[PDB]
There are 2 protein chains.
Amino acid sequence: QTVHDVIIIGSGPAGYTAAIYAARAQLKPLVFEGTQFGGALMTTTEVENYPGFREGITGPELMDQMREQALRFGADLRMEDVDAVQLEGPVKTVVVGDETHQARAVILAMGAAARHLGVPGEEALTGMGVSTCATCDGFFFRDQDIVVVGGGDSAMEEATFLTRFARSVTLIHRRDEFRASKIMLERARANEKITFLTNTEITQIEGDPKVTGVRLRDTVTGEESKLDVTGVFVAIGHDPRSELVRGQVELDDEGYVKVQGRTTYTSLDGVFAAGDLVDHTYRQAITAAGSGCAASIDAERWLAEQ
Amino acid sequence: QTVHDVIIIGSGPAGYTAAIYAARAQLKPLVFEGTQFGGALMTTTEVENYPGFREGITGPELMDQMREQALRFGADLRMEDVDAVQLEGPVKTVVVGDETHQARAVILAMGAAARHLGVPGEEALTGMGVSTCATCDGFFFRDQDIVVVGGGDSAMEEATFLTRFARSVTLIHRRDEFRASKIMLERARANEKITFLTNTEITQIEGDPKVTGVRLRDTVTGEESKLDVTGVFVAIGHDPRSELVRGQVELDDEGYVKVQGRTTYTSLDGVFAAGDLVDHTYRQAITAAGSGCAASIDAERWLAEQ
Ligand SMILES: Cc1cc2nc3c(=O)[nH]c(=O)nc-3n(C[C@H](O)[C@H](O)[C@H](O)COP(=O)(O)OP(=O)(O)OC[C@H]3O[C@@H](n4cnc5c(N)ncnc54)[C@H](O)[C@@H]3O)c2cc1C
Ligand SMILES: Cc1cc2nc3c(=O)[nH]c(=O)nc-3n(C[C@H](O)[C@H](O)[C@H](O)COP(=O)(O)OP(=O)(O)OC[C@H]3O[C@@H](n4cnc5c(N)ncnc54)[C@H](O)[C@@H]3O)c2cc1C
């Protein structure tokens with residue numbers, strides 16, 4: 001029966017920053033963090049490019065600060081997943097298991113999942129040699145031999161950036177055709193630090209504390225080999241977590257939530273969106289934090305208009 | 001004779017975050033911080049809504065972290081103002097006194113100045129009762145009697161937000177006409193917590209450690225009075241620091257630098273813009289930091305295309 005001012009869905013930097021602003025604005029935000037709360041930084045180690053930390057901070061340490069900061073101003077945080085939403089109209093409903101909650105405004109901050117290879121070693125060595133983010137982690141592989149997996153613009157983009165650091169980048173793709181644009185594909189072939197390895201997949205990532213090599217398989221002949229490398233960058237795409245809102249909020253062709261102009265307004269009145277659910281360009285904690293603030297200010301001012 | 005990869009102009013959150021990203025990307029950024037370096041947070045006390053600090057941090061402490069973080073990754077920081085720029089073409093030039101520096105890309109991060117009343121007490125009590133940012137500081141005035149100065153949408157917006165906290169908001173304006181939109185003006189007159197005081201100006205802000213009152217003058221009759229209040233919010237407009245780039249980069253009618261779509265690209269190739277020089281909506285440190293990251297990623301990827 002209680003209709004809250006605002007419900008926030010998600011607990012990465014965008015969700016917590018939206019919650020900090022909404023709570024400090026006395027909106028008493030109700031935040032569904034998920035059971036895998038804390039966003040993508042919970043799965044990494046050192047975060048060095050989030051401004052405000054001259055010697056860096058671990059991913060979980062930073063997310064713990066954000067969560068405690070949200071609590072300090074009165075956010076109501078629940079470590080539960082939203083299973084369904086009704087976002088159309090003056091009163092929006094979220095369903096969590098068999099419980100329901102309602103609000104005048106909803107901030108969507110569910111993020112985007114990086115796709116994974118699904119091979120042994122990939123998850124255990126994430127943050128210790130395996131990464132999905134060259135902007136985040138490429139700096140840690142100066143003068144090392146690394147691999148990049150994928151066939152699209154993402155892989156070309158990641159592989160290009162990594163050559164700023166690595167001694168060599170071996171770009172592996174499971175076919176001999178590339179989904180990447182002609183411009184992106186042509187540039188990497190010109191980059192002398194990049195070696196292409198087509199018709200190839202990783203079957204296992206080796207290493208007892210850190211990545212020491214990968215096991216390879218030829219997707220056509222089945223020939224197997226080993227490659228000594230100390231880094232693996234997985235760039236086979238992203239899946240924005242928009243499944244909840246498909247059919248109610250306009251998405252682009254790749255599933256990202258569309259927003260109006262430079263604002264966080266979605267196609268639905270009273271519904272705002274932030275973070276990597278929206279941004280398919282930068283995908284950083286600081287940009288997600290910024291947009292979560294913007295969504296909270298948009299929502300507060302929209303609520304004051306009602 | 002040396003042409004740098006990138007020059008950054010400004011040292012608020014946008015500039016330092018751009019410098020952190022560019023330095024960590026091995027672009028060896030050259031940053032002109034200004035003689036009044038560190039941006040708007042140098043002039044405030046406690047910053048509580050920048051995510052990552054569960055008990056807050058002072059403005060200067062936070063900016064010191066950002067500056068040291070930029071240095072850690074190799075940024076070249078100079079506490080000097082850029083006096084003129086030549087931004088058109090493949091090689092851009094900045095002039096600093098009688099010295100010149102050149103770069104393939106330029107990130108503009110000069111911020112926006114809040115306009116001040118220019119009366120005794122205003123600067124000394126900034127951060128101790130005087131503020132230009134309701135989103136930043138309104139939380140500190142719960143159940144207090146405060147004033148807001150100004151006649152436009154900014155003053156209506158600030159005064160509206162402040163009623164979430166204050167016991168009373170007295171909106172003071174030097175005329176009996178208002179430059180604010182009919183909708184904004186009509187809503188505040190409906191807000192029972194707002195009292196309008198037209199044809200009135202502040203001549204002095206009183207208080208030996210914190211704001212304790214203001215001296216008033218009637219702009220028509222000259223009648224003077226005293227008003228006991230513990231907060232003064234100045235909302236008489238902003239001046240984006242775009243003077244350097246007027247005539248080379250497209251600006252909107254209020255002087256903000258225009259950017260393309262959701263990117264940081266300006267109207268000039270190789271020139272990107274971040275922070276409150278661009279954003280005339282949110283004006284927070286976290287949003288400025290986010291856009292400074294975005295400008296640095298845009299610039300890095302644009303540089304790789306050349
Ligand atoms: C391994 C790794 C390392 C990284 N390192 C860095 C780095 O060093 N620097 C940097 O700036 N960036 C880094 N990033 C990127 C950064 O973490 C992300 O860009 C950022 O966290 C995006 O924030 P977000 O809030 O939009 O989404 P997310 O971080 O993805 O958080 C969304 C959260 O909401 C939850 N959620 C989703 N759906 C629901 C639902 N239905 N109900 C409830 N909760 C839900 C999710 O479980 C998740 O906890 C890294 C990413 C990865 C994967
Ligand atoms: C009193 C006050 C309190 C605030 N409190 C908060 C708060 O609690 N939380 C929050 O999130 N936000 C707060 N803000 C707002 C926040 O500080 C700004 O939104 C943010 O700093 C904008 O960052 P920026 O990089 O775009 O620009 P700025 O902060 O304005 O920094 C620009 C810098 O570049 C320099 N520069 C300009 N032109 C040149 C040039 N030609 N050459 C060289 N250098 C140049 C300037 O001198 C300045 O140092 C506050 C603002 C004020 C004024």
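These numbers come from the heavy atoms of this one structure, side chains and all, not from hydrogens, waters or symmetry mates. First listed ligand is number 1; within each ligand, the first listed atom is number 1. Note on naming: letters A, B, ... go to the chains in the order of the sequence lines (proteins, then strands), and numbering restarts at 1 for each one.
The immediate protein surroundings of ligand 1, defined as residues with any heavy atom under 4.0 Å of it, consist of A/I9, A/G10, A/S11, A/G12, A/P13, A/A14, A/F32, A/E33, A/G34, A/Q36, A/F37, A/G38, A/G39, A/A40, A/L41, A/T43, A/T44, A/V47, A/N49, A/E80, A/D81, A/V82, A/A109, A/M110, A/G111, A/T132, A/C136, A/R241, A/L244, A/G275, A/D276, A/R283, A/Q284, A/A285, A/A288, B/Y21.
For the pair A/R164 and A/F141, the NZ or CZ position fails the cation-pi test of under 6.0 Å to the six-membered ring centre and within 45 degrees of the ring normal. Taking the ring centre of A/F140 as origin, the terminal cationic atom of B/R24 falls inside the region bounded by 6.0 Å and 45° from the ring axis.
Considering B/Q69, B/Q65, B/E33 as possible partners of B/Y16, the one that fulfils the side chain to side chain donor-acceptor pair (under 3.5 Å) test is B/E33.
Between B/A299 and B/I107 the shortest heavy-atom distance is CB-CD1, 4.1 Å.
Annotation: A/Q36, atom CD; neighbour count of heavy atoms from other residues, nucleotides and ligands within 6.0 Å does not exceed 12. For CZ of A/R246, the number of neighbouring non-hydrogen atoms (other residues, nucleotides, ligands) closer than 6.0 Å is 12 at most.
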